[PDB]
Student: 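Provided herewith is a single structure, encoded as structure tokens, for subsequent inquiry.
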Amino acid sequence: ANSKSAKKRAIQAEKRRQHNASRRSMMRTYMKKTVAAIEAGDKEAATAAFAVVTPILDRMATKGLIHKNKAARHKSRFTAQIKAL
Amino acid sequence: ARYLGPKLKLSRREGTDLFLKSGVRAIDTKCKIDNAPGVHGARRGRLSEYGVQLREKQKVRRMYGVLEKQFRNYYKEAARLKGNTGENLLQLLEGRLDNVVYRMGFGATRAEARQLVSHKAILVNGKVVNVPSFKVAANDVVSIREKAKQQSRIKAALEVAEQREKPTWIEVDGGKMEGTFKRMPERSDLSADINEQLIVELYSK
Amino acid sequence: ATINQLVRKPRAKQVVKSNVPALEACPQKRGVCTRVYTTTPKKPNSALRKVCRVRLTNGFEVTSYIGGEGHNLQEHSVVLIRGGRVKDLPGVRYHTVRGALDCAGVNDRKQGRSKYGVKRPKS
Amino acid sequence: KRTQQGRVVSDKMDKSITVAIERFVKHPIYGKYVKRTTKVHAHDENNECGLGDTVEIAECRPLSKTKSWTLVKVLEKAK
Amino acid sequence: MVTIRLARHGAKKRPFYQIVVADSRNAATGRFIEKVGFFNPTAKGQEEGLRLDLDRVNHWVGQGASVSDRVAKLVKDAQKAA
RNA sequence: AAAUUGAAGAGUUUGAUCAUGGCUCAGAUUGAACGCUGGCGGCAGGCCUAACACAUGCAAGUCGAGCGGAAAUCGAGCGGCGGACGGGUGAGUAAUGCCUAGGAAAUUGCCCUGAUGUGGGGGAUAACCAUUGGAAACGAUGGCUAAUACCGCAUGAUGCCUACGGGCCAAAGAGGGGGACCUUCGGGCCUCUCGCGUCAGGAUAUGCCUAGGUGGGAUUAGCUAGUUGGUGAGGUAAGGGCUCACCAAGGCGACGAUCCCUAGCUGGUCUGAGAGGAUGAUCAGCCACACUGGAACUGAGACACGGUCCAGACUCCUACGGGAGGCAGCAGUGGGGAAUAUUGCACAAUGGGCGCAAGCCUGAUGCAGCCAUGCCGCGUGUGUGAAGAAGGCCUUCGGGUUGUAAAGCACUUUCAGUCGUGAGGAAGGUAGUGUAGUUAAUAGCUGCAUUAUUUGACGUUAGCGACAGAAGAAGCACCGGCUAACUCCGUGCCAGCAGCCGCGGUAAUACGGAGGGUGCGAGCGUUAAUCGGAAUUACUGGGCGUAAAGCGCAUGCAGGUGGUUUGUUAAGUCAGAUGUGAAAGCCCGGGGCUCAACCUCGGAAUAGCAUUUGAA
């Protein structure tokens with residue numbers, strides 16, 4: 001990068017990438033836990049996992065890591081998919 | 001540019017008087033007017049329609065001392081303007097300041113008129129105009145700056161213009177050395193020797 | 001032609017052709033003379049007409065006329081060519097611009113000098 | 001309610017009518033009025049319509065790659 | 001954001017400004033939303049120095065349009081004109 | 001009121017003719033080039049080629065009122081915001097773009113409006129210090145520390161999910177001032193300012209969809225298999241084969257699919273009586289691209305010109321281990337080319353970024369330089385002047401002509417020159433003071449005035465005066481016909497000319513010179529190129545017995561067209577309304593520059609499309 005500012009932006013963007021990746025990774029891990037249980041079939045364990053993920057999804061939506069709409073989608077789908085069990 | 005070269009030569013080609021000298025001596029006494037310029041001057045015959053048109057166009061240009069690019073623009077305006085393209089063209093040429101200071105008599109020729117205009121001798125509505133081709137409108141007052149009110153060429157030219165017929169569309173107090181362009185001339189007011197029709201026709205050809 | 005015929009297949013625009021294809025729609029073109037020779041006109045006409053084969057910058061080889069009396073063009077002269085058929089000479093579609101690059105003005109021309117590259121006589 | 005009428009011209013797709021809409025246009029050059037045809041894949045939920053039927057369709061959201069029209073009403077069924 | 005600002009037209013040494021509503025991100029002399037007036041800084045004779053449709057100005061300000069300092073001063077001048 | 005007033009032909013086929021029919025010419029135009037020539041000004045324009053390669057400088061920063069600090073009110077650092085704009089280019093793209101008109105399934109930083117909050121905690125980390133790797137680039141290791149950096153917890157509904165019934169989610173302080181109450185005298189405490197969260201509207205911006213329109217080729221007729229549709233899942237801001245699995249066999253195409261060639265699109269521009277034709281510089285809108293190819297990251301927004309990563313070609317540095325770079329930003333260089341400019345000045349103005357502001361930054365932009373590249377204006381003198389000078393040229397040797405031309409004699413002095421004067425572009429900034437709001441407040445803050453003071457790159461500015469003197473300022477093409485303008489010499493089918501027809505082989509108005517003339521004029525010619533003329537692709541507006549042209553004849557699908565009549569419908573048609581058809585341009589009226597170009601106000605126009613109401 002030519003300018004000092006460009007060089008900084010690059011550094012910052014890296015730290016943010018690392019941060020976002022960690023958070024995304026986690027939110028995904030907790031989503032996979034719901035998905036696992038809905039696939040296994042366990043209407044209890046599914047709701048349990050879903051209670052862990054709901055805050056995370058809503059938090060990450062406000063903190064920008066995902067959109068509100070994406071949180072809604074996952075929550076809505078997951079709810080149907082458990083109720084379905 | 002302005003055509004700077006021998007004047008009567010032009011009149012000889014056009015076969016007429018263009019008034020390029022003050023009319024103190026008759027054009028015939030200063031030149032062989034009935035012969036064209038040059039060694040083939042006493043040999044005139046068939047001109048084409050094109051030549052006939054061309055001559056008429058040149059007659060009018062040379063009278064008013066306008067070059068082609070300007071003259072063609074005048075035609076374009078005369079056309080754009082409402083009504084008679086031929087008449088419009090003449091009233092455009094007649095509305096020029098260098099012509100208007102000639103018609104009033106401040107200049108003995110249209111070329112002296114132009115020098116007067118260029119050299120900042122002339123006011124229009126009390127402002128100094130030194131553009132020959134400025135379009136004097138109706139009820140405009142062309143005057144002479146107090147500086148130039150003492151130029152004897154001007155006094156001269158007033159008495160030269162006494163020798164001509166008066167413009168009935170221009171009023172002049174030559175004592176106060178100011179004139180009013182009362183109104184634009186009609187076709188009837190001007191020379192009927194001019195066939196404007198041919199010039200319109202030339203600029204379709 | 002009926003309207004319905006014209007609706008089915010409209011009237012065809014006509015492909016025009018350039019007489020000066022080598023210029024490639026440029027006003028002039030530089031080339032190097034490969035041969036400077038003379039050729040005889042098509043008959044009714046009789047002369048020895050000074051021409052040059054020229055390799056242009058766009059890689060065309062063309063024959064250009066060398067107009068006016070006398071010229072200084074050897075093989076390897078760098079000339080500018082313009083458009084212009086010579087009616088007499090079948091093949092010649094270009095003129096060599098006299099008075100431009102290695103081509104010199106026609107010596108001791110005094111009318112139409114600009115066409116032949118000759119400067120104004122110091123009077 | 002800017003709908004467009006037309007005629008079913010295929011029905012072989014599941015839940016999809018191809019409908020041929022027909023415009024009568026003055027020719028830009030030659031002045032003659034000319035039949036021109038827009039085909040427009042519409043959506044038919046119930047597989048109601050059949051090849052030949054005259055239907056009224058309406059523009060909607062994209063329902064597939066090529067379907068952004070929907071069957072309003074069948075106007076006249078085929079012989 | 002939407003801004004009310006001067007857009008230079010006219011000729012070299014003879015600026016003539018259109019007062020325009022525009023997205024700020026545009027070039028001042030490019031894509032504008034609405035022309036709301038003009039400002040001739042060197043107007044003579046009968047030629048108006050400042051036309052400005054204050055109603056339209058207010059409309060846009062009420063929708064969160066900024067005004068440039070210059071247009072802000074011409075708004076005052078158009079109000080001392082009213 | 002007006003928004004127009006518009007339409008020319010000629011040459012050449014023959015012994016001659018009339019037709020047919022090419023070819024050619026006169027016009028207008030230009031991002032031109034070239035030749036000759038060249039004074040000034042105004043306003044525009046200026047790599048069309050090599051999306052070739054690029055030396056050098058510069059084109060994106062800013063904030064100390066976020067933070068620890070301190071190298072010298074500020075470097076470096078953290079953090080915020082910007083860097084997605086502005087600027088460039090047209091390579092790709094023939095429709096995933098553009099234009100027009102709709103649509104539904106979206107998001108949208110900054111801004112505005114409204115409503116709500118903003119509690120209580122935590123762990124880090126750069127800078128720094130210590131040590132150490134490296135030639136450098138760039139690192140490493142160990143301590144240290146702050147925040148509007150980051151994280152949890154609390155809290156939140158008019159948010160989101162939920163069939164309920166419920167469940168779930170965030171945030172940040174900083175600065176100015178101060179009455180009283182407090183004060184461990186730090187501050188709490190009040191008020192205002194600038195910030196912080198969430199939600200809802202608005203605005204703006206953008207994504208997505210549809211229809212119609214938007215080159216050439218049929219000596220390119222089949223094309224497609226995530227292909228076309230369905231179901232479900234995933235995925236997205238959002239609908240959707242967007243993706244996958246599965247089911248079905250669809251889909252497109254002679255109203256030209258597919259393929260190939262070419263190409264950024266539009267407003268417009270040029271030409272044209274128009275209908276058309278041609279075109280897409282400058283200006284403005286949209287799109288695409290950024291050494292080539294790929295990729296995402298960060299973010300409201302990028303798959304990012306001056307960011308990241310990877311691969312590649314190239315260039316460079318290297319201490320051989322390893323590094324560095326991307327002018328299609330502005331100047332500029334080389335190269336290519338017929339051909340296209342300064343390594344300028346300034347942020348004064350208009351904007352843009354950041355900032356409470358002051359400001360800082362800004363090759364955007366304003367200006368300046370260069371070039372007759374274009375348009376427009378002006379000048380290069382005016383009048384008088386016959387011996388009709390001389391000289392040149394011609395001559396019937398009489399004369400004619402150059403030519404009132406020159407000289408001479410009176411004048412004038414624009415513009416150049418010199419010296420002076422001298423607008424306008426400037427809005428603001430700062431500091432007082434007062435006021436009027438806020439507020440506990442004669443504080444602070446914000447506005448309004450008012451005083452003082454400061455802000456112009458252009459710039460020795462335009463504009464004006466004053467001088468002195470015609471003084472400093474004219475070419476270029478042409479003169480056989482077309483086509484305005486003719487003679488004499490030289491030449492002798494040579495030399496040469498030429499757009500076409502042709503000209504030249506001894507009295508050449510065609511070659512070359514001269515005299516004279518014609519046209520145009522700071523230009524004039526040539527070449528290239530577009531339209532015109534060309535009714536010569538004919539819709540307007542042509543033809544086919546013999547000039548080019550009726551299929552050898554027929555049958556016939558698609559298509560085209562279709563008798564009479566009633567009713568109905570209203571698709572075509574017609575009329576009107578509404579929305580839209582950007583601005584600029586064009587046109588008509590004005591207005592402003594001494595005029596003009598140019599700038600500018602209003603209108604007309606945008607012949608269309610959508611919706612809608614009528615007529616039949």
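Below, chain A is the first sequence line, B the second, and so on; all start at residue 1. The figures that follow rest on heavy atoms only: side chains count, while hydrogens, waters and symmetry mates do not.
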Student: Going from CD1 on D:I21 to CD1 on D:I57, what distance comes out if it is rounded to the nearest 0.5 angstrom?
Tutor: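 It is 4.0 Å, given to the nearest 0.5 Å.
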Student: Determine whether C:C103 and C:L80 make a side-chain contact, defined as any pair of heavy atoms from C-beta on separated by less than 4.5 Å.
Tutor: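 When only atoms from C-beta onward are counted, C:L80 and C:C103 do not touch, as no gap falls below 4.5 Å.
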Student: To the nearest 0.5 angstrom, please state how far the NZ atom of D:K12 sits from the CG atom of D:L51.
Tutor: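 Output value for this atom pair is 7.5 Å.
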Student: Quick test of your reading: applying side-chain hydrogen bond (donor to acceptor under 3.5 Å, both in side chains), list the pairs with at least one residue in residues 2-11 of chain D, sequence neighbours left out, ordered by first then second residue.
Tutor: D:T3-D:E56
Student: Extract the chain D to chain C donor-acceptor pairs under 3.5 Å, no hydrogen or angle test applied.
Tutor:
{"from": "D:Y30", "atom 1": "OH", "to": "C:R11", "atom 2": "N", "distance (Å)": "3.1"}
{"from": "D:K32", "atom 1": "NZ", "to": "C:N4", "atom 2": "OD1", "distance (Å)": "3.0"}

Student: Between C:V32, C:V62, C:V79, which is the residue that forms a side chain to side chain contact (heavy atoms under 4.5 Å, CB included) with C:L56?
Tutor: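 Single pass found, and it is C:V62.
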Student: Which residue pairs pass the side-chain hydrogen bond (donor to acceptor under 3.5 Å, both in side chains) test when at least one of the two sits in residues 63-76 of chain D, sequence neighbours left out?
Tutor: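 Applying side-chain hydrogen bond (donor to acceptor under 3.5 Å, both in side chains) to every pair that reaches into residues 63-76 of chain D, excluding sequence neighbours, yields D:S16-D:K67, D:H43-D:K67.
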